[PDB]
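As structure tokens, one chain now follows by itself in the form deposited without the named molecule.
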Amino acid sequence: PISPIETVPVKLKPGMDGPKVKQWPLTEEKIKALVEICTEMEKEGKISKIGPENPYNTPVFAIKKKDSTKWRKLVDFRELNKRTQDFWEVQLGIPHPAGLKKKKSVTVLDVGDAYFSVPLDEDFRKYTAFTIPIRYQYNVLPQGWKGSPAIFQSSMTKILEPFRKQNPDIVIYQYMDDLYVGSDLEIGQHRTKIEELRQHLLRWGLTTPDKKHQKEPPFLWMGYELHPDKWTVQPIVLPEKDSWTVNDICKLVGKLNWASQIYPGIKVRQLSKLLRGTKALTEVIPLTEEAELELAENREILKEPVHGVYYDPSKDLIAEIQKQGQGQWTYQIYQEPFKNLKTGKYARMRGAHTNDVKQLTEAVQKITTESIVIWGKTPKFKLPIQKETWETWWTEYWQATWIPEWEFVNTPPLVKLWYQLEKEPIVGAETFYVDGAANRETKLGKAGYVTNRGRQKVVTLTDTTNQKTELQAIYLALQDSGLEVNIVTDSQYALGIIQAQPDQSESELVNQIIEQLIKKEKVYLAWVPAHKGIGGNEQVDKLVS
């Protein structure tokens, strides 16, 4: 039937009217499906016949539902969606099975014709006009309108509110019309409560047909198979083509990202790099050797069987993190040693220049937020980084950075800083004064150094910038110096970059500089204000100009 719930008042955007789009041709099979659906809905009062007093229209069509032979009726409401007021969505995220707790009894049920049971604002019905190749208008929520998900979710919450009040210890995970219902009752009392809930929904016009009433495990829910003590992800079929287009790569990367929630070790960076600057989806992208190897490793790890467990709130949450190359990290969240709640990846490249301690801190932040969402608390961390390494980093780093309660794990590759700048100048190390200049008109530049031991060198550069010439001068000093070197620089840009101790950069010049720095034994980098006559920065400035 139709819910006797009150309607949600909606309005068009100011100064706009309803859509007047013309119906496009449809297949006779789609036409028959639509006429059957529409006769049924018109009998029940969910759609109403209209006349010439309705000047609006919007095209309709139908798709095959997930069920065998059922058709879903859709309306291309893109125009009305443009004209319609904004809403605040109430779906704040997706529930995850690792956040479920052990329940004695579980039921999964689904509301039949969910949208078509919630009434629509009368004043708005005018704008939902369509024509089946007979014209109708919607008295209920249509599928294709942008305001339907939020209105249905809010109405569902209002409907479930009295039952949740009366039954606070029955847990109802309410995704749009799918309801997971868990209780600590024996199976008979649980079924009695389920009948109470079904009668409550039916009182509010929401049927729960038996064909979608799951009463025994494994429960199919949100793309998972829920067992009493374990949960698995419904199987992921990754494409196995020989030619790869951009759309195929996007599909494969999406499937791998979806898989990484329970399969450890998934990597997508080399496959994602194939999508730089590509014009359209049909563009064929030949796989890189690195992308080939990454795909092979993912395919191999996807062959093993894996499952998750449910959350016990009387025990600790533990997130353990592992590092791979290319700025990629995996993590497992568990409570018992080899019983994962879930897994995940982290591969974001934050900034032009970074190191592994920064990326570990960022992964910790991401995992912390995800855990706050799923379980409402922060986990204890196991990290492949010495306490002394982190002590050094956060002692010498100018930014506020903090990792929550954590302990060291002995699994390589350990996170380490690859070089250390000195706090004091080095006795016995030659002193390089470096500088670079660039002409903003011709883009020609020079970089170079003088030394307290009489050496000077100047390199000419084309198609360069001031910052680039400063970095080149530092690089030249690193090239032409011994294992220990004092460098006085002009540029707080280059100084700020190097002081952060990057091991990875998108700049090739900064990568060469990093290589040199790792090769050295002691490096001291000092700064002086430019153009102040401070020797021997004065000499370098005169030279590179």
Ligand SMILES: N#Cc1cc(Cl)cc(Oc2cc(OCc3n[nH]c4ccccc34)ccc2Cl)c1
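All residue numbers refer to positions in the sequence shown, first residue = 1.
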Open item on the list: In terms of residues present in the deposited sequence but not modelled, what lies between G112 and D113: none, 1 to 3, 4 to 9, or 10 or more?
Closed with: none
Open item on the list: Test of understanding: from the entry's C-alpha B-factors, which stretch has the higher mean, 502-510 or 63-71?
Closed with: 63-71
- [ ] Look up the CA B-factors in the entry and say which stretch, 18-26 or 531-539, has the higher mean.
- [x] 18-26
Task: Deposited CA B-factor, highest of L271, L179, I262, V459 - done: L271
Task: Among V309, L302, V140, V357 - the residue whose C-alpha B-factor is largest in the record - done: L302
Open item on the list: Which third, lowest, middle or highest, does the C-alpha temperature factor of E515 belong to within its own chain?
Closed with: middle
Open item on the list: When the deposited Cα B-factors of this chain's modelled residues are ordered and cut into thirds, is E388 in the lowest, the middle or the highest one?
Closed with: middle
Task: B-factor third for the C-alpha atom of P209 within its chain - done: lowest
TODO: Within this chain's modelled residues, let me know which third the CA B factor of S314 belongs to: lowest, middle or highest.
DONE: middle
Open item on the list: For the chain shown, is the CA B-factor of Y127 in the lowest, middle or highest third of its modelled residues?
Closed with: highest
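What comes next is about the form solved in complex with the named molecule, which does not appear here.
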- [ ] For the ligand-free chain shown, place the named molecule by superposition of the C-alphas around its site using the coordinates in the deposited complex, and mark the site blocked if 3 or more ligand atoms sit within 2.4 Å of backbone or C-beta atoms, otherwise open.
- [x] blocked
Task: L471, heavy atom within 4.5 angstroms of the named molecule in the deposited complex - done: no
Open item on the list: Is it the case that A363, even though its partner is missing from this view, gets within 4.5 Å of the named molecule in the deposited complex, heavy atoms only?
Closed with: no
Open item on the list: How about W221 - does it come within 4.5 Å of the named molecule in the deposited complex, if we only consider non-hydrogen atoms?
Closed with: yes
Open item on the list: I'd like to know whether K387 contacts the named molecule in the deposited complex, with contact meaning heavy atoms within 4.5 angstroms.
Closed with: no
- [ ] Sort through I262, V357, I249, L226 and report the residue having a heavy atom within 4.5 Å of the named molecule in the deposited complex.
- [x] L226
- [ ] Could you tell me which one of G344, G327, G182, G147 places a heavy atom within 4.5 Å of the named molecule in the deposited complex?
- [x] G182
TODO: From the candidate stretches 452-460, 103-111, 347-355, 284-292, select the single one in contact with the named molecule in the deposited complex, where contact means a heavy atom within 4.5 Å.
DONE: 103-111
- [ ] Any residue of 65-97 with a heavy atom within 4.5 Å of the named molecule in the deposited complex counts; write them all down in order.
- [x] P95
